[PDB]
Amino acid sequence: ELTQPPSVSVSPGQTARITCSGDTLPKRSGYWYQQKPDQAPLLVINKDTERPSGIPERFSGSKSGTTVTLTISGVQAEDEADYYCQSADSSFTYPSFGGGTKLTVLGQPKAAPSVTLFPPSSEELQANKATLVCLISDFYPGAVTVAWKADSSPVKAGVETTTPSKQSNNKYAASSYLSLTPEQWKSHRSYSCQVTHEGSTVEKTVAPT
Amino acid sequence: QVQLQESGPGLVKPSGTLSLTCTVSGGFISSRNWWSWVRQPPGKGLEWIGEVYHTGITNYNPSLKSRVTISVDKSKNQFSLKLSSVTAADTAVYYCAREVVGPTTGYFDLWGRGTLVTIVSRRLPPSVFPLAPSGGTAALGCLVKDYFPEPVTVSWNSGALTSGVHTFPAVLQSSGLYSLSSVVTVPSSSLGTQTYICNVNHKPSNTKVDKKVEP
Ligand SMILES: CCC(=O)N(c1ccccc1)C1CCN(CCc2ccccc2)CC1
């Protein structure tokens, strides 16, 4: 078994150290892979200390007996990824993998969310259902609160909100769904999605056609 | 350079058999390397399934060994995986990979792109609803409501529209069903004359819909 920490976080330009520990590393060596979302792993360090030719110079490896370490100097945003160490068992019958280390790169600039609010489609209403969809994008940090209002009274039931998730451009996205009956939808003058982020609020409103 | 590409069914019934093939191009199956399959359940770590040498010698993860078959076919320059008696724990992205194996050490030096295989037991087809869209820019979209299991794919205008497309992560509702939305931001000026169609495909329930989104 290989042991690596589940997470490491570093600020841009700093040095990241990811360790891997296991009794097989002296004889079977360690190999490091980087893996980004929707991609296969990529070997970044071969046989403890060798850097493959296409890998940037800021990646290096070290060995310390039953521990091996991947070091990334001058970390860049593009280095955020999962990192896996790999060895083999003591009988050299099968590979072993560590659990993976997510490297998070801190210090992105704050960014206020954009908000789009959609009313129920006519197709949905004909199915005797109603959903309002509040889409929240391009914010940082990755914490937001959503509040729904019927006219100006708070709505709590029927709300489903995702936990924010990182987009391709390293800002976060979230979505919130309000389920209503068509009778609720038509009865009120409007509905609103209020998105709060770091103490500032953005509100969108929709109304029956 | 050698390239690897997985192929095979992306959906398997419970207790059925997963079957995948890796086509090797650019090089021969016959070589000093070993050929292997590695899988990764969504959000989890890597798990090695097994390896095969071009002569046919095999060696499997002992936690799977009763259910795995790996074979090689030099006439087609391919190697294959069969995994029998599947359950939900077998849902994963499956990679084929090339191993460099020395007398005392081994590692992986080449990987396919990976293919998701889902073991589908219960399933529910989504409803797909248009999210209808002045000057400036305009948002329009598609709501893919109440499907199970993951995943759904969304494209727009058959893949021709890519810029300004944001397909949001799905929400897992208290109902135990998924919903997701895909939104594209377009010039308000293109609305009167550009047709926008969201292409939704939920393969577990064979829901394949191209939904026109109109003002
Ligand atoms: C004399 C037999 C022999 O040598 N083997 C063997 C054992 C049982 C059945 C068939 C063959 C080897 C076992 C180990 N694998 C490599 C494991 C690996 C892969 C990737 C990275 C790290 C380690 C190579 C073949």
Side-chain angles (χ1 to χ4, degrees), chain A residues 37 117-118 120-121 123-128 130-136 142-148 155 157-159 161-166 172-185 191 193, chain B residues 9-16 18 39-45 85-93 116-131 141-144 146-154 166-183 198 200-209 211:
Chain A
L117 175 60
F118 289 101
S121 80
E123 310 65 341
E124 208 179 2
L125 292 171
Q126 276 303 108
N128 176 63
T131 305
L132 306 188
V133 176
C134 186
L135 301 167
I136 317 147
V144 65
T145 43
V146 182
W148 293 84
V155 185
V159 168
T161 306
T162 68
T163 57
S165 165
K166 253 190 163 263
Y172 282 85
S175 56
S176 184
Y177 299 83
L178 174 68
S179 309
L180 294 184
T181 69
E183 298 61 38
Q184 291 171 294
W185 169 239
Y191 280 77
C193 184
Chain B
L11 306 176
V12 187
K13 62 174 163 112
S15 298
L18 167 159
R39 67 181 184 182
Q40 182 169 47
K44 316 270 163 153
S85 298
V86 300
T87 67
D90 300 328
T91 292
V93 173
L116 178 67
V117 176
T118 301
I119 286 49
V120 180
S121 183
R122 64 181 192 283
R123 83 290 309 274
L124 193 73
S127 309
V128 178
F129 297 119
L131 302 179
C142 270
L143 167 71
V144 186
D146 280 347
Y147 61 94
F148 190 85
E150 290 202 275
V152 168
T153 65
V154 183
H166 187 171
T167 294
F168 281 70
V171 66
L172 180 39
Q173 300 165 273
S174 97
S175 62
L177 307 179
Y178 293 92
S179 291
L180 69 75
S181 299
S182 176
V183 168
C198 75
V200 179
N201 190 357
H202 181 240
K203 295 151 155 13
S205 72
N206 186 197
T207 301
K208 194 173 184 179
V209 177
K211 183 62 91 183

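We name chains A, B, ... by the order of the sequence lines, and we start the count at 1 in each one.
Between B/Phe148 and B/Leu177, the closest heavy-atom pair is CB-CD2, 4.1 Å. Closest heavy-atom contact between A/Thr162 and B/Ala170: CG2-O, 4.1 Å. Smallest separation of non-hydrogen atoms from B/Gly141 and A/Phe118: N-CZ, 4.4 Å. When all heavy atoms of A/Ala130 and A/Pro182 are compared, the closest pair comes out as CB-N, 4.2 Å. The two residues A/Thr161 and A/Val146 come nearest to each other via the heavy atoms CG2-CG2, 4.3 Å. Of all the heavy atoms in A/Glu124 and A/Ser121, the pair that sits closest is N-OG, 3.0 Å.
One distance of note links CH2 of A/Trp185 with CG of A/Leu178; it measures 9.5 Å at 0.5 Å rounding. To the nearest 0.5 Å, atoms CG (B/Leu143) and CG (B/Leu131) are separated by 5.5 Å. From B/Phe168, atom CZ reaches atom CD1 of A/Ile136 across 8.0 Å, with rounding to the nearest 0.5 Å. Atoms CG and OH, on B/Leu124 and B/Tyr147 in that order, are 11.5 Å from each other to the nearest 0.5 Å. Remark: B/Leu172 CG to B/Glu150 CD distance equals 8.0 Å, nearest 0.5 Å.
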- Message: Would A/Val159 and A/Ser176 count as a side chain to side chain contact (heavy atoms under 4.5 Å, CB included) here? Give the steps.
- Response: CA-CA 7 Å; A/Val159 168; A/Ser176 184; 4.0 Å; yes
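With sequence neighbours left out, B/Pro9 forms a side-chain contact (heavy atoms from CB on, under 4.5 Å) with no residue at all. Considering only residues two or more places apart in sequence or on other chains, B/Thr167 meets the side-chain hydrogen bond (donor to acceptor under 3.5 Å, both in side chains) condition with B/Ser182. Annotation: side-chain contact (heavy atoms from CB on, under 4.5 Å) contacts of B/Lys211 (sequence neighbours excluded): B/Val128, B/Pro130, B/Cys142, B/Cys198, B/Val209. Residues forming a side-chain contact (heavy atoms from CB on, under 4.5 Å) with B/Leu18 (at least two apart in sequence, or on another chain): B/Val12, B/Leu20, B/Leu81, B/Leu83, B/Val86, B/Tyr94, B/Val117. Not counting sequence neighbours, the partners of B/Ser205 by the side-chain hydrogen bond (donor to acceptor under 3.5 Å, both in side chains) test are B/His202, B/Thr207.
Two residues are said to be in side-chain contact when any heavy atoms from C-beta on lie closer than 4.5 Å; B/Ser179 and B/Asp146 meet this criterion. At a threshold of 4.5 Å between non-hydrogen side-chain atoms, the residues A/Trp148 and A/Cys193 count as touching. Side-chain contact between A/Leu117 and A/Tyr191: absent, with no pair of heavy atoms (C-beta onward) separated by less than 4.5 Å. B/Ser181 is listed as a side-chain neighbour of A/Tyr177, based on a closest heavy-atom distance under 4.5 Å. Counting heavy atoms from C-beta on, the side chains of B/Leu11 and B/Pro204 come closer than 4.5 Å.
Between the side chain of B/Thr91 and the main chain of B/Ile119, a donor-acceptor pair closer than 3.5 Å is present. Without hydrogens or angle criteria, A/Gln126 side chain to A/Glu123 main chain gives no donor-acceptor distance under 3.5 Å. Between the side chain of B/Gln40 and the backbone N or O of B/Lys44, at least one donor-acceptor pair lies under 3.5 Å. Judged by distance alone, the side chain of A/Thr131 and the main-chain N or O of A/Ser179 form no donor-acceptor pair under 3.5 Å.
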